[PDB]
Amino acid sequence: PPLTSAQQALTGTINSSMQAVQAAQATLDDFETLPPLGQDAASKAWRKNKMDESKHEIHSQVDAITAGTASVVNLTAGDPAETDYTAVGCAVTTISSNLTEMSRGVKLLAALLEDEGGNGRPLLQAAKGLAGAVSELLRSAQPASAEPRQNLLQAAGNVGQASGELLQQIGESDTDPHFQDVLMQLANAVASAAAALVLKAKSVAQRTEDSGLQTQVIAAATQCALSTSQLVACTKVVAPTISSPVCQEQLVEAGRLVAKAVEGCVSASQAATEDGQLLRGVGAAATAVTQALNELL
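Residues numbered from 1 in each chain as written, not as in the entry; some residues may be left out. Heavy atoms only, no water.

X-ray crystallography is the method the PDB entry states for this structure, with the resolution given as 2.60 Å.

A.B. asks: Outline the environment of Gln169, supporting the account with residue identities and numerical values.
C.D. replies: In this structure, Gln169 sits in helix α6 (residues 150–169). The residues contacting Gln169, other than those within four sequence positions of it, are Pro122, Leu123 and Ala126. (Helix = DSSP H or I, 4+ residues; strand = E, 2+ residues; numbered from the N terminus. Contact = heavy atoms within 4.5 Å.)

A.B. asks: Outline a nonpolar patch on the surface, listing residues and values.
C.D. replies: A surface patch of nonpolar side chains, about 380 Å² in accessible area, is lined by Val252, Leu293, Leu296 and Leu297. Relative to the elements of secondary structure, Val252 occurs in helix α9 (residues 245–271). Here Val252 falls in the partly exposed class, since its relative accessible area comes to 42%. (Patch = residues over 30% accessible without salt bridge, like charges linked within 9 Å, V, L, I, M, F, W, Y side chains within 5 Å. Areas by Shrake-Rupley, 256 points an atom, 1.4 Å probe, with all protein chains shown as cover. Salt bridge = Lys/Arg side-chain N within 4 Å of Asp/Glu carboxyl O. Buried < 20%, exposed > 50% of the residue type's maximum accessible area, 1.4 Å probe, protein only.)

A.B. asks: Describe in detail the packing of helix α8 (residues 215–238) against α9, supporting the description with residues and values.
C.D. replies: Contact pair α8 / α9: the axes reach a minimum separation of 8 Å and the direction vectors enclose 165°. The angle between the axes of α8 and α9 places the two elements in the roughly antiparallel class. As α8 runs across α9, the sense of the crossing is left-handed. Taken together, the residues of the contact of α8 with α9 sort by class into 16 nonpolar, nine polar and no charged. (Axes fitted to C-alpha atoms, helices over the stretch in contact; angles between N-to-C directions. Parallel < 35°, antiparallel > 145°, perpendicular 65-115°, else oblique. Left-handed = near helix turned anticlockwise from the far one by under 90°. Nonpolar A, V, L, I, M, F, W, Y, C, P; charged D, E, K, R; others polar.)

A.B. asks: Describe the nonpolar core, and please don't skip the residues or the numbers.
C.D. replies: Ranked by internal contacts, the top residues of the largest apolar core, which has 70 residues, are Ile58, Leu99, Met102, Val106, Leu130 and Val134. Within the second largest apolar cluster, eight residues are counted, among which are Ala201, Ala205, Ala221 and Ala268. (Core = buried A, V, L, I, M, F, W, Y, C linked by side-chain atoms within 4.5 Å.)

A.B. asks: Give me the lowdown on helix α10 (residues 277–295), citing residues and values where you can.
C.D. replies: Counted at 1.5 Å a residue, the expected span for α10 with its 19 residues is 27 Å, and the 28 Å between its end C-alpha atoms agrees. On its buried face, α10 sits against α7 (179–205), α8 and α9. (Expected span 1.5 Å × (residues − 1).)

A.B. asks: Give a description of the pattern of salt bridges that names residues and reports values.
C.D. replies: This structure, assessed with the given rule, holds eight salt bridges. Its salt-bridge partner being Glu136, residue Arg139 comes within 3.1 Å of it at the nearest N-O pair. Of this pair, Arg139 and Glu136 both sit in helix α5 (residues 121–141), three residues apart, roughly one helical turn. Under the relative-accessibility criterion, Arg139 is labelled partly exposed at 45%.

A.B. asks: Tell me what's going on with the domain arrangement of the chain, and back it up with residues and numbers.
C.D. replies: Along its sequence, the chain is organised into domain 1 (1–175) and domain 2 (176–297). Using C-alpha coordinates to define each centre, domain 1 is positioned 30 Å away from domain 2. In this complex, domain 1 contributes 21 residues to the contact, which on the side of domain 2 involves 24 residues. When domain 1 packs against domain 2, the two sides together hide about 1700 Å² of surface, and 60% of this comes from carbon and sulfur. Three residues, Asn74, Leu153 and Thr175, lead the burial of domain 1 against domain 2; their summed loss comes to 39% of the area buried on that side. Viewed at the interface, domain 2 and domain 1 are joined by zero salt bridges. Our count for the domain 1 to domain 2 interface comes out at ten residue pairs in polar contact. (Domains from an automatic or database assignment. Buried area = accessible area lost by both parts, 1.4 Å probe. Polar contact = N/O pair within 3.5 Å; in protein donor to acceptor, adjacent residues only side chain to side chain.)

Have a look at this one:
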């Protein structure tokens, strides 16, 4: 079906934002020209002032890119008609304007490492990584696109990754590294616990007593995977942050999409009820429910 007005409007927002991401991207070519200073009084502690202002601005701005990209992921999870297209549009504009701001800061900062220290071109390098990454997230956000869903998922997790390697450059990185890898593994115990669930539902419902959903037990099992698959992407995107109270809000909000996809999975099976196959659903269900409790810490 052709996009609705709300959808067309979101498109015009992604379009404006994609255009600004392409501009900021075209800004990360060289360093911001600095007025050669010297050990001159003021000058000497200018490289430190401006280094530190921008080193923390970058931070806050990456924080809003990740939060917003977790937010776009969560917001579009719905079904076109339960989707709030102004909120997602708002999230995209937040990603957008923050990337434009972070670029100014990086041109400047990277130039102070390039003069004062030695080489600070890996900063412009990291920044293009992110920009480029948020461009791939915006393209998948286009409501008239076929992908499917997993394509937006990957692109968002790539945004997290590029944010990590970026904040790592500027050493602005609050989350005890590898604690991130504990997050990454803890979110994958939820996915595999889920494949078990999606699995146990293949069984029930290839015994579904003549159809009727049958096709809802599969539909429900498929939503389980996809919601779980979304938790993984979000964990990836918010990990380099998680210090930020809002990435956390989003992270637990994807947990809720998971709990719901899970519960929706047991009632589909039970509507097709009776057997020992049923006890198994609840078991796998207990499993994913427990696995996710863990990662929610």
